[PDB]
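# Structural overview
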Amino acid sequence: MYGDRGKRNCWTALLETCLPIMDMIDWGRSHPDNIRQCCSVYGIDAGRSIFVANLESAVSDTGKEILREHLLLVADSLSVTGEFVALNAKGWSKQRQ
Amino acid sequence: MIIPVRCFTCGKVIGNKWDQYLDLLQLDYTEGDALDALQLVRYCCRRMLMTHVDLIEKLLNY
Amino acid sequence: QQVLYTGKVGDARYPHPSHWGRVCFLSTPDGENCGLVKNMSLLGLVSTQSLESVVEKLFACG
Amino acid sequence: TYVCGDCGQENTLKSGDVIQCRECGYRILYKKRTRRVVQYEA
Amino acid sequence: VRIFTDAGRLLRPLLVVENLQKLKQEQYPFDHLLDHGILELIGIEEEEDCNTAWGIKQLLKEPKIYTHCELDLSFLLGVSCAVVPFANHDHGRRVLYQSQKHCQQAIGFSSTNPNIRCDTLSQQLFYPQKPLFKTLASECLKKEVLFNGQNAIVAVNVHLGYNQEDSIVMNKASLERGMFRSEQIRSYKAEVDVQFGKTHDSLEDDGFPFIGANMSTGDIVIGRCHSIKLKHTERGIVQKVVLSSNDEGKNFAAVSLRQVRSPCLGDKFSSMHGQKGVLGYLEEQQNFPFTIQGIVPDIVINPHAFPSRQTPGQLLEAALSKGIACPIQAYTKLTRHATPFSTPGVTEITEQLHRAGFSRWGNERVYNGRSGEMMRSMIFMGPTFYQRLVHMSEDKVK
Amino acid sequence: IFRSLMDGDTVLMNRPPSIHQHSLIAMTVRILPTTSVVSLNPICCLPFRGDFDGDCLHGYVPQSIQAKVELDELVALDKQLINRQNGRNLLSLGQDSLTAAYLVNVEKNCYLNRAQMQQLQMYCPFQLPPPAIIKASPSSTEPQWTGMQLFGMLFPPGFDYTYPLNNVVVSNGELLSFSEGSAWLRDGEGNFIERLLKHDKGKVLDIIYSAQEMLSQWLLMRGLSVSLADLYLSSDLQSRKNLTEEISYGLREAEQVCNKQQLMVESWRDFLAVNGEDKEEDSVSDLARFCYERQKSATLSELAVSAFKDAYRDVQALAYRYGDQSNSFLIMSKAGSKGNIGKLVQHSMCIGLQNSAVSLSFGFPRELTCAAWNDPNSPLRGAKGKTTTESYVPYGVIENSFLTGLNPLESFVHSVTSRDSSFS
Amino acid sequence: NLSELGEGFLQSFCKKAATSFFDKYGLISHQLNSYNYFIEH
Amino acid sequence: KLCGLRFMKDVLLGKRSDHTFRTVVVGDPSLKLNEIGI
Amino acid sequence: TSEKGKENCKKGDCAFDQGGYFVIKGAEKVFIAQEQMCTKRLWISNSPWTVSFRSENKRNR
Amino acid sequence: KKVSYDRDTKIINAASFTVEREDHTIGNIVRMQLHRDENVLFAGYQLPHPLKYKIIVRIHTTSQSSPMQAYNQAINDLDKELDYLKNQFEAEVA
Amino acid sequence: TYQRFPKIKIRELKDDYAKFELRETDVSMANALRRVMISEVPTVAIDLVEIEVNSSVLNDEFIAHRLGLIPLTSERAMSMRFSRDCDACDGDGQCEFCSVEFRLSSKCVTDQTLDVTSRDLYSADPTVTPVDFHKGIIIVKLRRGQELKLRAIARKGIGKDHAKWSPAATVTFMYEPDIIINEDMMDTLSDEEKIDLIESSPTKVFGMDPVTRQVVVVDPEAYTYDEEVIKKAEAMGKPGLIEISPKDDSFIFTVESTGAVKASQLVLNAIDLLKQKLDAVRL
RNA sequence: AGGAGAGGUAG
Ligand SMILES: [Mg+2]
Ligand SMILES: [Zn+2]
Ligand SMILES: [Zn+2]
Ligand SMILES: [Zn+2]
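Residues numbered from 1 in each chain as written, not as in the entry; some residues may be left out. Chains lettered and ligands numbered in written order. Part of a larger assembly, values for the part shown. Heavy atoms only, no water. Residues with missing side-chain atoms left out of burial classes, pairs and counts.

For this deposited structure, the header cites cryo-EM as the method used and 3.4 Å as the resolution.

The structure is reproduced here in structure tokens:
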């Protein structure tokens, strides 16, 4: 979807467009592919789960083998304040604040 | 750079065969025939006597 | 060839069909100046300004 | 004892200001090797 | 119609077939050829319009369709790349490495007049050797300074695991006879506008050591009255002392120290096809896998490097050198050229090696030097051309 | 109060940069007559991620006694046997021991006599198994030992190992069966080294060292070399000609498959339908336009490269048919110590697909010959004139290999493709 | 004729032409020509 | 160059210590895995 | 050095360099070719669409 | 001491001989001569460290002769064979 | 359980070349003898030099290194003692048993280039004179002037170190293979296949008999163990046509000397040194 | 003694 205007959320506009076909789309599993704004739609836990899945996919694409506990610890450390902060200095400063 | 003596591979004395090799090359002789006339059955000695460059002449001139 | 930044240049770091016979496309330094420094070929010459006047000879050809 | 360059002449100058070859003009001098015994291991 | 006569344009000479028949009329200077029109200079923009043939053999097959022709396809590469044998038989990365780094880092002919140059870190090899194979570019340039290094018998085999991780195992006896032995001359410069003097062991009355003095750590090399002392890793024997001054009156002193650099364990050696490695172990001559005629290999390399680095043609170079060096039991019509774009076929090399009395695949039956038993698998042996790099072991010790 | 370094002291070895925590390894100082160099076991190169080509290892000598006490209790080699990243073993057999073990266990036709077996028993810590081969011929005395029993002296009597995938059964410290695969020897989920570490974890290092020494001795007795016969990959000239023809036909079939796959777009929905279309010959006669259309689009290029890989796997599969069992490249590829099958294919048969990552202003002419480079309408000459294009996605196939000799245009294509890896 | 010269003759002529070109211009001539043109004109 | 974050890295974050040696490494299969040749 | 005699060539240079360098302060200096855009050809660029005529000596672009 | 004697406690009639300043040229011939004796069961030599010039020889015999006795017998037989070869060469050269 | 009985037959013998066959011996004895005669036989060579005037284009170490490799007569090498064992002197100049002093002096006073060979190298002992083959081994080349004067000494050394005290040169041995032909599968081969099999061998080891139209074995000692004829036989379809196996108890030696000692004397010295080493190892 | 400009090595 286009992001020309940031006033309205893309998911909000997508839900209004699918009104005639609400039954066809399984809304029990549909979710945005993004990680940052998915926490505002389905909660922090759903975003954490999708982040873990994406991290596992990236590790598999890299060709290396990494145990599950490392990725789970990374996910729990990057989402301790209820939001996924960035790796820059601003994110760490906000997390400490 | 004079001829390297003792022919590092297999340790063959080739220190006194450069003048004869040049004399043979001065005539109508190829490199293979010239090396065969010096009684060299191994290719290490032939490589040593074929890959050498005469550099001391330029040292004496320049 | 001079570029503004070393991290990114563009398509100059890759060989071009215009390099055929002018500069060496198979040899280039590896590192920051990868492809910016190009070694000239063996049969490479650089043209110089011609003192003669070509305009006068062009009208004679037609 | 110092040997000159293109000119063949023994300088043998030890003064700080004497750096120019006599009757030559050039100021390039080479140190001459004396007769000293040096041992080398073959 | 666009015509350019300005400067800065790049161009190359190309053979034209229109005037190629004028050549045969029953050593020619290049100016004569240019004046008669046999050769012409073609710019980059002009080359796009004309039709150019690659080789002479391809020109005679279909005439009247190629306007121009190339003298040699190997001249497209640079001077440091056209001399590499079987350039197109190697991977691009390895050719790039050989033509960029290993060519510059090689140790060969330094100069023929070392007295006039006081340059820092001058290195010269004792017995430089030209390669057995011939290159058309090298033959036309008529200079032996293009190749810097020596060629030694190289066998591709494992030696007790001492050559793993692309390491190199050399022969102790071959190195002690003068192979890969080079000298290093380092110069020290001091400027005086104080004066040169001793001012109170090896220094003379003029303030400089005599020629032939063995200098060590903590010794004054230049006496000023301050003095300049050698550092921790500076040593050598005094070769010459040069005193000079400019027009302003400032006096300059140059002292050169020379020392012999024998191949140590930490020294790194490189090949002509991008093979890089360090010396793993020095093995005695009696322990090498000698062949039937007793020729022991000087250098032993790990076979695992070839599948990874993907460097074919080094084996071809070894086979060609072995065929050239080995005698024939008519030496004319012998394949010696190794032009990168005119390489001889594999069948021709195999036939040439077979006519010399050896196996057509370049491998010979060898016997273990430690037990005397005959090995089950034949070992490939060939006199490849290797180079010695400037990176040493003691230069990295800290 | 200072004393010189001697045997028994521990130093902290590190290789810059430290990409993982296993780069810091504490090792005991062993004095050697060699000077201006440090000696390291080739197996320990895997934790350091380095090779013997100029790598410099800088160590740290602990001065405090407590620092030394904590160095060999936490940072020692025996303490870091379990990899903390994936949970597997940190140390493997190596690039040489793997190939030697593969050659020992695969041949099964070379029998070692009593003298050689007793000579090799000096390095193995365990005792000698029964010969298992009393008479191999009616007139053959001196009963011999099989090759798989030699590798059986590297396991404790109480160690039992089973690998269903490779049909490897180890009972009472004796190797009973083995077929192929060489997967249990390499690093993996069910490697034998991991099972040995989980069994005792007290003498695994000595077992690995003895195995390396014994395999090196055995391979020195045998001898491994690479010759021109390995690169030729043919028994004679007729086999080489047959292989060349087969490779040419396979490349042609792969190109046809790619051209067929290029039609899976929305523009050809009328043609792909089951109806009557008179433009069947137009899609086949337009052979020179497919490459131009592929080099302009990115999705088409991705589909083409995927189809080319899928059709070229079968072409790469021909090496096992045209390759002998004594081929060194095949042995090293099956053992997994160095190289793969595609590298051998590029060595002998053909390089295959060559495509660049970033977009360029020129495109490959799909032929890579002398006449293709002189064509004014070729994509390499700026544009093909079919509106004027500005950018292209290069796509070229090289029929020749490194052994035969690269064409200058093919060499240019290879250089363009490989220039990306040389960037900083 | 077109093919009356032969194949080996053309190869030898190419080698001789390369040798003559390297003897006339040399390995480096562009820099020398550029510097000489800057002095004269 | 030694200013700002580089100053921190070269002063407080990264430091140099004594009793350190740096040499080129070679292969020696005869030596044990836990032993280093000096 | 140029057009020197046979006797002058024996003493002096080592005949290994053709002499493409400079002697500034005892160190050899070599120029490197600088790739510059052609000033005698019409140049057309994009974003924005424009065509420019380069200047030979005076800034008459 | 050039030659050291060390008996093996785990295996009876077993011993290890450590010879200093020796190479393969002696160990190989000693091992090959020991295999000719019927009483010798295990005979072999190894060179663990190339830098440390030592040779380790392990001899296992039956319950009829000591390993040292077999070692001395092999040395004496090798000396006799060398003397016979020298005599043959001296006879052939004349 | 006892000694072996070697048999020695000499085919060719010269001053520096000897080719003899050793039979009824294991390969270990031959390998040990080769190693002893190639690395354990001591000779005399220059190791320490002392120059006084050196104005040549070459460096001093270069001349010392090419002087130390000059072969010398070593008839007294077995009787002379080592320098480290010579307790009568610390080692300086001429000695009675360990050191032999050499003097060299060259001065060029003509326009022609003077070649300093090995012929003008004089010593106090007439038995340690350099071996003359010819013009001799050239050391340096001198222009007008450029005097070279030096003093060198020679010591007894083992060929194991510095690889300059080794008198042997390419000491080889083969197993003397025996050729076995079934002689029944050759009759099935055509006339063209016989010539193809003959030309398949790299060396001249098989011959063709015109009167019998069959292959014969001529000079079987030049097989070189190159599995080319067997591979050709397998390719033609005959697996058991020619069977060639090495002989374990037969060997052929080829000893080439460098001129220091005679080849037969070299073999005798190697045998004596091996016996001495065995006696020393004896407990 | 201290700083700036180039080239180079290892992953
Ligand atoms: Mg590395
Ligand atoms: Zn030789
Ligand atoms: Zn003067
Ligand atoms: Zn004495």
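So, on to the overall build of chain G. Counting its regular elements, chain G contains two helices and zero strands. Structurally, chain G occupies a C-alpha span of about 50 × 20 × 10 Å along its principal axes. (Helix = DSSP H or I, 4+ residues; strand = E, 2+ residues; numbered from the N terminus.)

This brings us to the arrangement of the chains. Of all 21 pairs of chains in contact, the one with the most contacts involves chains E and F. You won't find any contact between chain C and chain D; their C-alpha atoms come no closer than 37 Å. With no contact formed, the shortest span from any C-alpha in chain I to any C-alpha in chain K equals 14 Å. (Contact = heavy atoms within 4.5 Å.)

Residue and element names in this part refer to chain K. With the rule as written, the count across this model stands at 38 salt bridges over all chains. The salt bridge involving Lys232 is made with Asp196; its shortest N-O contact spans 3.4 Å. Placement of the pair is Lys232 in helix α4 (residues 229-236) and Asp196 in helix α3 (residues 191-200), with a sequence separation of 36 residues. Residue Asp196 is classed as partly exposed on the basis of its relative accessible area, which comes to 36%. (Salt bridge = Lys/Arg side-chain N within 4 Å of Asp/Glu carboxyl O. Buried < 20%, exposed > 50% of the residue type's maximum accessible area, 1.4 Å probe, protein only.)

Let's shift gears to helix α5 (residues 92-105) of chain E. The end-to-end C-alpha separation of α5 of chain E is 19 Å, in line with the 20 Å expected for 14 residues at 1.5 Å each. Where α5 of chain E bends most, the angle comes to about 35°, and this point is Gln98 of chain E. Of the positions making up α5 of chain E, those classed as buried are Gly92, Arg94, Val95, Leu96, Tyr97, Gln98, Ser99, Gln100 and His102 of chain E. Here the buried face of α5 of chain E lies against α4 (79-82), β14 (268-271), β15 (276-283), α8 (305-309) and β18 (379-388) of chain E together with α18 (408-418) of chain F. (Expected span 1.5 Å × (residues − 1). Bend = angle between axes of the 7 residues up to and from the residue.)

Axis separation between helix α1 (residues 24-34) of chain J and helix α5 (residues 263-281) of chain K bottoms out at 11 Å; the angle between their running directions is 75°. The orientation of α1 of chain J relative to α5 of chain K falls into the category roughly perpendicular. Between α1 of chain J, through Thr25, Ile26 and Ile29 of chain J, and α5 of chain K, the contact on the second element is made entirely by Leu274, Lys277, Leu278 and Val281 of chain K. Taken together, the residues that form the contact of α1 of chain J with α5 of chain K break down as five nonpolar, one polar and one charged. (Axes fitted to C-alpha atoms, helices over the stretch in contact; angles between N-to-C directions. Parallel < 35°, antiparallel > 145°, perpendicular 65-115°, else oblique. Nonpolar A, V, L, I, M, F, W, Y, C, P; charged D, E, K, R; others polar.)

As a further point, take the coordination of the zinc ion (ligand 3). Residues and elements named next belong to chain D. Protein ligation of the zinc ion (ligand 3) involves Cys4 (SG), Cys7 (SG), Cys21 (SG) and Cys24 (SG), the donor distances falling in the range 2.3 Å. In this structure, the zinc ion (ligand 3) is coordinated by four donor atoms arranged in tetrahedral fashion, with angles at the metal of 108 to 112°. The sequence pattern formed by the donor residues of the zinc ion (ligand 3) is C-x2-C-x13-C-x2-C. On the basis of relative accessibility, which here comes to 5%, the residue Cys21 falls in the buried class. (Donors = N, O, S within 2.8 Å, 3.2 Å for Na, K, Ca; no water. Tetrahedral: all angles 85-135°; square planar, octahedral: opposite > 155°, others 65-115°.)

Right, let's get into a positive patch on the surface. Taken together, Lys396 and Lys398 of chain E together with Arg16 and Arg22 of chain H make up a surface patch of like positive charges. By the secondary structure assignment, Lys398 of chain E is in the segment after β18. (Patch = residues over 30% accessible without salt bridge, like charges linked within 9 Å, V, L, I, M, F, W, Y side chains within 5 Å. Areas by Shrake-Rupley, 256 points an atom, 1.4 Å probe, with all protein chains shown as cover. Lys, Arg positive; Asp, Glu negative; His and termini not counted. Charge placed at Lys NZ, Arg CZ, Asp CG, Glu CD.)

This next bit is on the protein's contact with RNA strand L. RNA strand L sits among 13 residues. The nearest are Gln105 and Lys276 of chain E together with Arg15, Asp53 and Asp55 of chain F. Per the 4 Å cut-off to the protein, sugar and phosphate atoms form 96% of the nearby atoms of RNA strand L. Here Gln105 of chain E contributes a side-chain N or O atom positioned 3.1 Å from a phosphate oxygen of RNA strand L. One of the side-chain N or O atoms of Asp55 of chain F is found 2.9 Å from a sugar or linking oxygen in RNA strand L. Residues that form the surface near RNA strand L fall into these classes: one nonpolar, three polar and nine charged. (Near = heavy atom within 4 Å. Polar contact = N/O pair within 3.5 Å; in protein donor to acceptor, adjacent residues only side chain to side chain.)

This next bit is on the coordination of the magnesium ion (ligand 1). All names here are of chain F. For the magnesium ion (ligand 1), every protein donor is listed as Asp51 (OD), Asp53 (OD) and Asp55 (OD), and the spread of their distances is 2.1 to 2.4 Å. Between consecutive donors of the magnesium ion (ligand 1), the numbers of intervening residues give the motif D-x1-D-x1-D. Among the residues examined, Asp51 registers a relative accessible area of 30% and is labelled partly exposed.

Okay, the packing of aromatic side chains next. For the structure shown, the criterion picks out 56 aromatic pairs over all chains. Look at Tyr14 of chain C and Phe423 of chain F: their rings are 5.1 Å apart centre to centre, the planes differ by 85°, and that puts the pair in the edge-to-face class. Within this pair, whereas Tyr14 of chain C is found in the segment before β1 (45-46), its partner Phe423 of chain F is found in the segment after α18, the two belonging to separate chains. For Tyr14 of chain C, a relative accessible area of 5% puts it in the buried group. Among the aromatic residues, those joined into a ring-pair cluster are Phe290 and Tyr367 of chain E, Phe89 of chain J together with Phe20, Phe173, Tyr175, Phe251 and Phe253 of chain K. Its end group placed over the ring of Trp373 of chain F, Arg381 of chain F keeps NZ or CZ at 4.9 Å from the ring centre. In this arrangement the basic side chain of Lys156 of chain K is found over the ring face of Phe82 of chain K, its NZ or CZ atom lying 4.4 Å from the centre. (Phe/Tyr/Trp six-rings, centres within 6.5 Å; stacked < 30°, edge-to-face > 60°. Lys NZ or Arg CZ within 6 Å of the ring centre and 35° of its normal.)

We now examine the interface of chain I and chain E. Chain I puts seven residues into the contact, and the matching count from chain E is 11 residues. Of the residues contributing to the side of chain I that touches chain E, the split by class is two nonpolar, one polar and four charged.

This paragraph deals with the nonpolar core. Looking at soluble globular proteins, one finds that nonpolar side chains tend to be buried together. One finds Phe151, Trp184 and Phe192 of chain F to be the most contacted residues of the largest nonpolar core, which totals 279 residues. Counting residues per element, this core draws most heavily on helix α7 (residues 204-222) of chain F, which supplies 11 residues. Here this core gathers at least three residues from each of two domains, domain 1 (1-42 + 164-283) and domain 2 (43-163) of chain K. Counting 59 residues, the second-largest nonpolar core is a separate cluster that includes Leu39 and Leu76 of chain E together with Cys14 and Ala17 of chain G. (Core = buried A, V, L, I, M, F, W, Y, C linked by side-chain atoms within 4.5 Å. Domains from an automatic or database assignment.)

It is worth spelling out the interface of chain E and chain F at this point. Contacts between chain E and chain F engage 54 residues on the former and 54 residues on the latter. Approximately 5,100 Å² of surface area, both sides summed, lies buried where chain E meets chain F, with 64% of it carried by carbon and sulfur atoms. Summed over the three residues of chain E that lose the most area to chain F, namely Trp54, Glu165 and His304 of chain E, the buried surface amounts to 15% of that side. Summed over the shared surface of chain E and chain F, the result is one salt bridge. Between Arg376 of chain E and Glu107 of chain F there is a salt bridge, with the nearest N and O atoms lying 3.9 Å from each other. Of all the elements in the fold, those that place two or more residues in the side of chain E that touches chain F are α5, β15, α8, α9 (314-325), α10 (346-355) and β18 of chain E. Partitioning the side of chain E that touches chain F into residue classes produces 24 nonpolar, 22 polar and eight charged. (Buried area = accessible area lost by both parts, 1.4 Å probe.)

Tracing the backbone through its elements, the reader meets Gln314 of chain E in helix α9. Residue classification places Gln314 of chain E among the buried positions, given a relative accessible area of 2%.

The strand order β3(F)-β1(H)-β4(F)-β1(F)-β2(F)-β2(H) describes an open sheet built from six strands, whose pairing is mixed. Edge positions in the open sheet fall to β3 (38-40) of chain F together with β2 (35-37) of chain H, since each of these has one partner strand only. Pairs of neighbouring strands in the sheet enclose a mean axial angle of 50°, with direction left out of account. (Pairing = 2+ DSSP bridges.)

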